[PDB]
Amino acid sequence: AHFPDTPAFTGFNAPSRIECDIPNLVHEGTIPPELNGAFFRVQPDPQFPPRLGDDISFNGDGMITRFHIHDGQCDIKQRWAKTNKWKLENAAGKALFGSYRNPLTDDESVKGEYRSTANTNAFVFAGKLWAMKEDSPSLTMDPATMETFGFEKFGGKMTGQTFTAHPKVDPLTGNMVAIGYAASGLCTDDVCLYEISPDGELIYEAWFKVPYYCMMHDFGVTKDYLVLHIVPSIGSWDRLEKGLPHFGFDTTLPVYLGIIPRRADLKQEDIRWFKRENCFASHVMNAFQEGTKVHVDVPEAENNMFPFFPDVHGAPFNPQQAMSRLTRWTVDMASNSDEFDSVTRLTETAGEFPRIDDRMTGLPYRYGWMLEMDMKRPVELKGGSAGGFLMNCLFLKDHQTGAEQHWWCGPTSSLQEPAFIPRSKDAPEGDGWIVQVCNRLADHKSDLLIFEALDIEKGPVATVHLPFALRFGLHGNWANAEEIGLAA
């Protein structure tokens, strides 16, 4: 393959495309014998060179990595998420779909097809592996063989065109709660709220509209509500016609927080929209209710975090203003005005990729983990981030005491998103382990790190070496072996 000599395709961003199997990876330390299951994660990784001769990181085909941990060892299986895009391009031997979220640039032969790269999450639910991309229905895969099933349209009961890559599982019911924005077509203001039974059946789909079309990448869920931030990374057909990146950030638009009832009978009039001054937030650590209030914890930045989705008025990217810090947004459903009740920074550590013990989804909670950008640490090698942030620490916040733990990966490495592994179904919050990929940039390889989740400062208890490098990853999740067809 002849790939471009551009940053999106060179160095740490060289295409990999490895499908492989390796049991019993070389490792150091002690892999807890308690562990029996697998950590799935996804990297964008281009099957073919881009039609345009350049592209962005977020547009690579999804490659799924599974780390099966069992018997004190770690195995890897890596396979493509075989989206319709992947299959059509594989058959043609070339790229057919064009630039990011831009159907104007697709070959005529794929007009109307799902454009998904299934590249943003590798999530386990209802016995399936979900390889997810927010512009289409999710792909599903067999979590044991990692063969691909196809797109999940729930027996035709789903009528929205899209499905999120940030599904939540409600611990009270076991339902998956999801959204799909641009639900009636590209750049539309329609959104669907979906709930899916533990057995994989669509329970309901509820339609509503948002203040403006924007990247609705993540969201929170509480007992009663979908908690949907409206942040002005905006797109339009006009941008696409002009050849601009689909999304661009508008510093002049307000940010909203929508509180949408989790009800099949939802009507637009049931929604409350709270409004605040412009800022940027993407991911949600968790949301929960307290009395008539809703709290959602997000890494908030002063301005855009996506340099490749630039300021719509032509401003150069501002890295300092892109530093996000975990912040609690509180709204009161009983409040008279549309103002937020409070906005409260929860840490001065800058960070992103927030995670919780997912048993606490929607509930008051004590612990959160993040990737931290610690700009005071030495750096001899940089890499691993699509936007150029160096994620060099694992951070744990204790909301009860305020305490913070930090673990730095050293001066030639960077880190990928952590994932929490509960010790058992009924173990206390945070009792378990954290796993995450570490980019060993000087060695051009990756490790899987395993930490005791509440004692990270001493470093990982096991380090699993991969004999090759993973690419930049997005989201990942642990599932116990019995949830994924792997051995007891």
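We number the residues from 1 along the sequence you see.
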Other compared entries: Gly200 unbuilt in at least a third?
-> no
Thinking of the other compared PDB entries, is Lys382 one of those residues unmodelled in at least a third of them?
-> yes
Residue range whose averaged C-alpha B-factor is higher in the record, 76 to 84 or 394 to 402 = 394 to 402
Could you check which stretch, 310 to 318 or 202 to 210, carries the larger mean CA temperature factor in the entry?
-> 310 to 318
Which of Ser57, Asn439, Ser424, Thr463 ranks first by CA B-factor in the deposited coordinates = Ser424
When the CA B-factors of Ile356, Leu172, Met216, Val284 are compared as recorded in the entry, which is the largest?
-> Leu172
Split the chain's modelled residues into thirds by Cα B-factor; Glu277 lands in the highest
Just say lowest, middle or highest third for the CA B-factor of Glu28 relative to the other modelled residues in its chain.
-> middle
Check where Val177 lands among this chain's C-alpha B-factors and tell me if it's the lowest, middle or highest third.
-> lowest
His166 - which third its CA temperature factor falls in, relative to the rest of the chain | lowest
Sorting the chain's modelled residues by C-alpha B-factor and splitting them into thirds places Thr10 in the highest
